[PDB]
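Take a look at the letters that make up each chain.
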Amino acid sequence: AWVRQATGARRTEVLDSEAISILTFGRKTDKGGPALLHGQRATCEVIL
Amino acid sequence: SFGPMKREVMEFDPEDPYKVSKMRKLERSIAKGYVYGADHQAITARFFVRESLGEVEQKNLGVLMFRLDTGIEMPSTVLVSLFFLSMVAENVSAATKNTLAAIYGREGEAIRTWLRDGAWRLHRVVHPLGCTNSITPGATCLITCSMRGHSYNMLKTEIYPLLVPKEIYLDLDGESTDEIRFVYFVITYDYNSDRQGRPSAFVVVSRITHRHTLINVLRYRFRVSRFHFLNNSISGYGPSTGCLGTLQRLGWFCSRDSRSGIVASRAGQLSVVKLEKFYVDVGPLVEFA
Amino acid sequence: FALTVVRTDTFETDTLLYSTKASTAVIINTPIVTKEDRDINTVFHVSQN
Amino acid sequence: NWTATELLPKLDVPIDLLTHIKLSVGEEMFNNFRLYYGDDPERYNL
Amino acid sequence: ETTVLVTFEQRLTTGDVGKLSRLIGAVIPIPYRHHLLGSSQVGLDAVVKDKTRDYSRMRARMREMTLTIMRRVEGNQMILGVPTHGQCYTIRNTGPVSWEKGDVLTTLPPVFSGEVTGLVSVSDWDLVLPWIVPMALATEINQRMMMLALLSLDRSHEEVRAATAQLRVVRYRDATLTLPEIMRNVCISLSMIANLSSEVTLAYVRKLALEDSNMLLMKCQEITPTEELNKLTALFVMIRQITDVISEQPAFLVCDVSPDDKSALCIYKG
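Residues numbered from 1 in each chain as written, not as in the entry; some residues may be left out. Chains lettered and ligands numbered in written order. Part of a larger assembly, values for the part shown. Heavy atoms only, no water.

Notes on the pairing of strand β11 (residues 268-275) of chain B
Residue and element names in this part refer to chain B. Threshold: When DSSP finds two or more bridges between a pair of strands, those strands are recorded as paired. The numbering of helices and of strands both runs from the N terminus, where a helix is a DSSP run of H or I of at least 4 residues and a strand a run of E of at least 2.
As paired strands, strand β6 (residues 162-165) and β11 are joined by 4 bridges and run antiparallel to one another. Following the sheet pairing, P165 is matched in β11 by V272. In this sheet, β11 lies alongside strand β10 (residues 258-265) in antiparallel orientation, the contact comprising 8 bridges. Note on β11: the bridge partner recorded for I262 is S271. Count of turn residues in the β10/β11 antiparallel hairpin: 2 residues, of which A267 carries a positive phi of about 60°.

Here's what the structure looks like:
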C-alpha cells in the first residue's frame, strides 16, 4: 500500500481468473490518457 | 373479369415446389455470374478467431465449435473445439490430454485450461454451434462454421466428415446397426469431495430418437455418478451443485459411413472417430438428475 | 546503481520502392462471387485468387 | 490415381469374374482396389 | 415467403414509419397466424392489459402467441415474414442484453422496473417488443421471480428484505437489470411440491428398497388409498402446472451477432 501510494496506485480490479486473461490475451488495461500532446509515449528499463 | 385473370398467371407460374428460391439464385447469378452459394442446403456463419487458436481446426475440417460463456468480463466468448474439451473430460485419457495440451497450449491457451477447470463447466457456458467447413487461415482465422447441414467443400466437392476423438466416442456407443444413427452430446457429473472434479463429457451415438428412452439407457451406464449424485445430496444440506446429466441433439447421418481414423499433427498423433456425412441438427439442452 | 532507459520510437515514413520492369508476374483468376444471405441483405463476397 | 482413371475415356472390354464383384474383394483377385457406392464428388474435385 | 399484412388501424405519422423502418429486423408476436390482422393484435400489448394478472399469465399467453419476424414496412401496410424453421434470420436486438455468437434465445414478457421506456408507439398504439433474451438468462429470470414471491411474504423481516434486494438485480453479460417485486399461484404450486414430497414418499421407498436397479434406494431411504389417490394426483398435477412455466421452448439460435449490436442473424427454432 505504501509503494503504490507512492506511485502507481492500481493493482488489479480483476480477480485471478480475469488476471490470467490479462496475462495471456493481454488486456490494454491502461486506456489512452486524457491528455496527450505529442503522439504516443514510450519507455523501457535496463538496470546497470 | 380481370380479377381472376391475374391470379391464374400466378398459378400457372409454380412449376417447381417452390420456384421462388430458384428465381433468387438465377437473378443473383445475373448480378455477377456463377454464385457459389446456390447449391447449398447447409447454412453457415462466420467466426473471427483469436489467433492463438490456429491449431487442428486449421489442419482438419469438420470439428465441433462451442462457445464459452466465461464469467470474465473483458475476454468472455472463446470459441472452442470438441477436441478442446478433451483436456477437461475425465472420460478422456490423461495422455490424450497432455497430447493436445501440447498442441493447443503453446503460450496462448493456458488461460482456458484454468478457466474450464477452475470456473467449471455449468453446462451453460458451453453451447453447440455446428461444424467447420471453409477454414480461412489468414490474419484473423475465419471459421465459417455450419449451423444446419452437412459440412462440405464448395460446389459439394467433398463432404467434410465430423471428427470425434476416440476417448469420448467409445464409452457411450449405441448398438450395432446401420440405417441411421444420431449424435447426442452428454455431460455427466461425478461427485468426489470438494468440487465437480473435472467431471466428464460424452459424444454418444445412438439409434434412439426419443429423449426419455435415451436417458434411461444412460442410467444403465451412469449409476456410478448417480451413486455420487445423491451422496453429495445427503452430505450437503444447503450446498447445491447442479443435476446429473445434460443432453441435447447434435445431428444425424447415414450410419453405414462408420469408420474411425487418426489425425497427424503437432505432438504426435490422435485417434478420432470420423463421422462422414454428418448433418448438424442442434437440439435443446435436456438436463436430468 | 545506474539505469539505462532503452526505448523504441516510431517514425511514420514514406518508403520508396523501385522494382525492375516486369520483375514479378502476377497471375489472377476470374473473380468468383460467393453468397451469404440475411434478412437485411444478401452479402456477396467476391474473390480473386 | 483413380479420378484420372474415371475421367479418361475407357476402352470397353469384357472381363471375367469368379463369382461376384463384391465378393472379389475378399479373396482379392484384384489387388489395390477402390470402391464407390453411390455418387462420388471426388471425380469432380480437381 | 409466408407473408402477413398488418392493417394500420391508426393514422400513421410519416415520421413514425421512419421508426418502423428502424425495426425491419425486429420480431413481431402474433396471437394467431393469419394473413389479415388488426394492428392492435400486433405485439403482446393485448397481453399487457390486466394489472392483477402477473408474469405467469403474461408468459402463458405469449407461449400461445405465434412468433413472427418483421419483413418490411410500406406506408399503411406492415409486411411480416413468418420464420420457417431451419433458416437464418436477422432479428433486432432491442433486448437489454447484447447477444453473443451461439446463444439460444427465449422470448419473455416485458419488465417495467427501472428500464420502463415505452416503445415505438404511434397514435396511442405501441406494439411492444417482448425481449428475446437468452435461454440461459430466461431460466434465471424464472428462478428470481418465483423465490421473490417466496420472500414476498416475510418482507417484515429486514434480513429477508435485504435478501430480496441483492437477489433482484439480474446480472448477465455486458448489462444488468433490476426486476420488480410482487406468481402467487405459481409459488403455491412450488411449495406443495416440496411439502407433500417430504411426506407421501415414505410408503413407496421401502417396497422398492427390496429390489433395485442403480442400487441407490439404500441412500434414497436415508433422505386411506382414496386420499393416497388424491395426494399423488395433486403431487403430479402441481408438477405439470409448474413445468408449463419452467420449460421455456427456445426460439432462436443466434449464429452471429451483427456489429453495433442492433442486429443478429439467427437460425430459427421452436
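Resuming the write-up.
Details of the arrangement of the chains
Just so we agree on the cut-off: Should any heavy atoms of two residues lie within 4.5 Å, those residues are counted as being in contact.
Considering every one of the 6 pairs of chains in contact, the largest contact total is recorded for chains B and E. Nowhere do chain A and chain D come into contact; their C-alpha atoms are at least 40 Å apart. Looking at chain D next to chain E, you find no contact at all, with the nearest C-alpha pair sitting 25 Å apart.

Considerations on the environment of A209(E)
Residues and elements named next belong to chain E. We count it as follows: In this scheme, a residue with accessible area under 20% of its type's maximum is buried, one over 50% is exposed, and one in between is partly exposed, where area comes from a 1.4 Å probe on protein chains only.
Position of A209 among the secondary structure elements: in the loop between α6 (202-208) and α7 (217-221). Take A209: its relative accessible area is 31%, and that puts it in the partly exposed class. Along the primary structure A209 and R184 are separated by 25 residues, whereas in three dimensions their C-alpha atoms are 37 Å apart. Ignoring any residue separated from it by four or fewer positions in sequence, one finds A209 in contact with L217 and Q221.

Quick word on the sheet that holds strand β2 (residues 64-69) of chain B
Residues and elements named next belong to chain B. How we decide: Here an axis means a line fitted to C-alpha atoms, over the contact stretch when the element is a helix, while the angle between two N-to-C directions is reported on a 0 to 180 degree scale.
Spatially, β1-β5-β4-β2-β3 is the arrangement adopted by the 5 strands of the open sheet, whose pairing is antiparallel. Of all strands in the sheet, those with a lone pairing partner are β1 (43-49) and β3 (77-80), marking the two edges. Each strand of the sheet is rotated relative to its neighbour by a mean of 40°, with strand direction disregarded. Relative to β3, β2 runs antiparallel, the two sharing 4 bridges. Bridge pairing in β3 places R67 opposite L79.

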